[PDB]
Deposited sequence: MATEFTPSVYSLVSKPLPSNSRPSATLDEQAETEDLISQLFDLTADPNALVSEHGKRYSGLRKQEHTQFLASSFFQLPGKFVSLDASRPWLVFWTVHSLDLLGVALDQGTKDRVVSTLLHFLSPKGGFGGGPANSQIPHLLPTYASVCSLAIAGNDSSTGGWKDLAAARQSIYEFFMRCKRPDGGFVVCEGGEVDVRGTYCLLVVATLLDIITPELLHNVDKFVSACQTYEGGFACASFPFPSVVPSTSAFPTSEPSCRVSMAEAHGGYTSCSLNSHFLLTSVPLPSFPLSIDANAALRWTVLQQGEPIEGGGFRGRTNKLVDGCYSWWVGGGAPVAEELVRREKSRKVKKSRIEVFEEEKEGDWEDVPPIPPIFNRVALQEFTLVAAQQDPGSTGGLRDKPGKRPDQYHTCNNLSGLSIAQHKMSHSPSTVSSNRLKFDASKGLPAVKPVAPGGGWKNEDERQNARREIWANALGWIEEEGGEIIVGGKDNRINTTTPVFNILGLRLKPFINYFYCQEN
């Protein structure tokens, strides 16, 4: 299992060399190396049987993390006003982390989650960062609310899924209002264009059966032009005057690379001709693995070249690895196995460096020296899950899915904005529904692929790449909207 995933404790820790050229980047790096390596030195090797006397025990402190998320759950201090336009994210970070940690909400609490989120839904379409009487709809809280409804909701009259189903046409119309001719989307009325919006929209459109040709036109081209010379993806591409050329607008970054890989992956399910425009999968895989930090910085991921490692990149970068790997696999097959990143070291970074010091607030954090928060709790745990569980997109699972799909069952077709904006006919629409549903349910945990650093009490549940909700949430949720139950 671990021949090609050495423990940080088994490797020589050495600083990034200076080449006798000091700089601000190197000063910060050296300082961070010192901080992380010193915490590792104070902590017992999680892999040891002779769990060392005098040293900190690295076991995942699930109960502390649960208490951290609870206290944020039902009343937040005044300082949280900075996240008043991100309340659905607060919900998602909480409920998804609780799922990963194996902690159940009672039905009464789940009902409060559903009711809260329904008050964020506008009749005209989409969820905003707070109540519909206070905030306009936005692609990001639309993803966060939809996913949280998958986690906390159900098919009953008070379960929220029914309301989402009734909202399909309006959500679709919101997505079309966000659409730009070059294939990008604004995140909200008057808002920024970026690939996070594309990602959030494509996840929701996939889950709710509201994908159309007009919704997707140029969307692949926008995403593909986000890829930088480094192999990762920037937040956006700029269309020069449909466009004569498209150019990436910033650095390859973990967050935008995750969004671009996932968006591109979602598009590969869609049966349009010559669609989606290809990305350079080999380069994206290379960029991904290159972001894993050295032993001295604990084997955590950084978000961009020559910046610092940070626990949230365990999800953004580590969670993009199975996607990049699958795209590389497909490319190789179209011309014509060891782990692709250090799954052990990433777990060690999480357990040793990313957890709040014991006997305090709980929660997980960017790095030592930083306060934990809900966002870093969710993303550290999501990345931990990807490292513990070998995730594959399985062609034979997708084939089984196609075989069991019932195209005669479904919710009403979306009415396109433009007369010819829908699928050509029912054969094509149903084929599209089948492919999109079958591929969404194609991710599997490989048998015998589990690596739980530190022993089985550290095991968390399996998140799904691309979506980032548990497979046990994803399946009944997408089955509800496709009437496949």
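- Stretches of the deposited sequence left without coordinates are 1, 243 to 254, 350 to 370, 520, in sequence order.
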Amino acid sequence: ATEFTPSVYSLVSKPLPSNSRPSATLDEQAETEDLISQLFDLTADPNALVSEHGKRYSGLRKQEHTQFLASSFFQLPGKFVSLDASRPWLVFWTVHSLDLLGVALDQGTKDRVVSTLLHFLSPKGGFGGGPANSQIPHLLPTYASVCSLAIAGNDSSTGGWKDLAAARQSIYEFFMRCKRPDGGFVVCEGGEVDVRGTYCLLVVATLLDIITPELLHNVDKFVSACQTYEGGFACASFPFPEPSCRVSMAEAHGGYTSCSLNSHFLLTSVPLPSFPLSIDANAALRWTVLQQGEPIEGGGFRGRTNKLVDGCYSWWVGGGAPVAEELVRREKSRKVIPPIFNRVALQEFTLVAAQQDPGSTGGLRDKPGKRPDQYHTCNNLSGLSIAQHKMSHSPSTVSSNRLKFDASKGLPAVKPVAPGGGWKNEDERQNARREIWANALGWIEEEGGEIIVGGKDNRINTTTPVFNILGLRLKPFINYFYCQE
From here on, numbers count along this sequence of modelled residues.
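The term rigid core refers to the most C-alpha atoms you can superpose between the two forms while keeping them within 1.5 Å.
- Taking 172 to 180 and 77 to 85 in turn, the stretch whose Cα atoms are more displaced from the shown form in 6 other deposited structures of this protein following rigid core superposition is 77 to 85.
- For the segment pair 400 to 408 and 347 to 355, the entry gives 400 to 408 the higher mean B-factor, averaged over Cα atoms.
- Looking at mean Cα B-factors across 457 to 465 and 8 to 16, the upper value is held by 8 to 16.
- Per the deposited record, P77 carries the highest C-alpha B-factor of all listed residues (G255, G191, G232, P77).
- The maximum CA B-factor among the listed residues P141, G299, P339, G184, taken from the PDB record, is found at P339.
- For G108, the recorded CA temperature factor ranks within the highest third of the chain's modelled residues.
- Ranked by C-alpha B-factor against the other modelled residues of its chain, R21 falls in the highest third.
- When the modelled residues of the chain are ordered by their C-alpha B factor, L308 lands in the middle third.
- In this PDB entry, the Cα temperature factor of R61 sits in the bottom third of its chain's modelled residues, the lowest group.
- Ranked against the other modelled residues of its chain, the C-alpha B-factor of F240 as given in the entry falls in the highest third.
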